[PDB]
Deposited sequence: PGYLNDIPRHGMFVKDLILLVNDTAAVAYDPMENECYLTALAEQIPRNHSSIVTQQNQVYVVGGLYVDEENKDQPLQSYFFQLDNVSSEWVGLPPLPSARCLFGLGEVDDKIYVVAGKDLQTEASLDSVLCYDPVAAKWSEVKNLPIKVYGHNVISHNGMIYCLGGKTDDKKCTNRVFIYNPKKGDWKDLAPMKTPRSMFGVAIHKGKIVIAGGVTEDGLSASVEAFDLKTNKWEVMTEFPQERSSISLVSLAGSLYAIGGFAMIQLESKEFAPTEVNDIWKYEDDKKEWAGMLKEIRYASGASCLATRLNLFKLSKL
């Protein structure tokens, strides 16, 4: 038979790890070794926030209030493991999406924190010139949507539109011509859900629906590009965090419904088994996942600390 690999690499002490950032710390987690490390303390990181990692290994956080009423913007300094304050998001905003192409970061839509109104406004931070600006607005006003980046394109999915219904709409942003396009919609309109790239499909997991909590897993093949169904999540949950770690799709946490019965956070980890098509329970409880945004990243081991 054939082999997975032809020649071995020389290791450099770099590990693909799940980075869990909440308001106490950014903790690195290795699901295969069931072990955690400290990457950075995070006492200044706002409890309600979104997170993104470049490409380069640059972690950015957007969220909270303020530092004209605004939102914080941080970059993790990988050399010092200190969080850097950056030009703040001009808008105080929640329940938005975060994208990124060629080092530039995109905050899409919201949920104005002052006004309570839905936004279509898209802000792009340029890290060379160190400044934010308004690019083309999203075709809808929305919050509760999710955003992911792939091959220099930005995708916006689901959300709640300006009535208060969930939307199934899917939009693509080309930075090099600056327009949004509707793509084929998802089967299940949803907000507050998990998203990741997984070979090379946009996978979406659970959420709130017109029927409330969902365990539905869909995938947009990037590609046909059609929507197809994957094995449903073991439990109906909102705000599952999906991450692609090396070859594999992980699911971290999410909410509810548990027991008077209310949406309540579960701090567990699951892994999709591609062969078999099953969700496998990895870790029952990880306290570091509580309140945490979740990211796959390539970390230098000798920059981590023992917990």
query: Deposited-sequence segments unaccounted for in the coordinates; finding: 68-74, 267-270
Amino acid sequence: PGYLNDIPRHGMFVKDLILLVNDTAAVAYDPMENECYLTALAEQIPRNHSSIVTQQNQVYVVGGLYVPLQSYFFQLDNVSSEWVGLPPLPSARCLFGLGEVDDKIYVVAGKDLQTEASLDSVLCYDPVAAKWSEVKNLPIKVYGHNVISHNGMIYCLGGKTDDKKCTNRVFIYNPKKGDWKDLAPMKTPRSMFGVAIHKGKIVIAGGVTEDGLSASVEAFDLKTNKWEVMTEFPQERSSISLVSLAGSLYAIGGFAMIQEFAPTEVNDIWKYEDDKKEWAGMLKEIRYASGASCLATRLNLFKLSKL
From here on, numbers count along this sequence of modelled residues.
item: Residue range whose averaged C-alpha B-factor is higher in the record, 273-281 or 249-257; value: 273-281
item: 204-212 set against 125-133, stretch whose average Cα temperature factor tops the other in the entry; value: 125-133
item: Which of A109, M186, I148, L86 ranks first by CA B-factor in the deposited coordinates; value: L86
item: Residue, from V170, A92, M192, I197, that the PDB entry assigns the highest Cα B-factor; value: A92
item: For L307, the third of its chain into which the C-alpha B factor falls; value: middle
item: B-factor third for the C-alpha atom of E33 within its chain; value: middle
item: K141 CA temperature factor, ranked by third within the chain; value: middle
item: Third of the chain, ranked by Cα B-factor, where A219 sits; value: middle
item: Third of the chain, ranked by Cα B-factor, where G158 sits; value: lowest
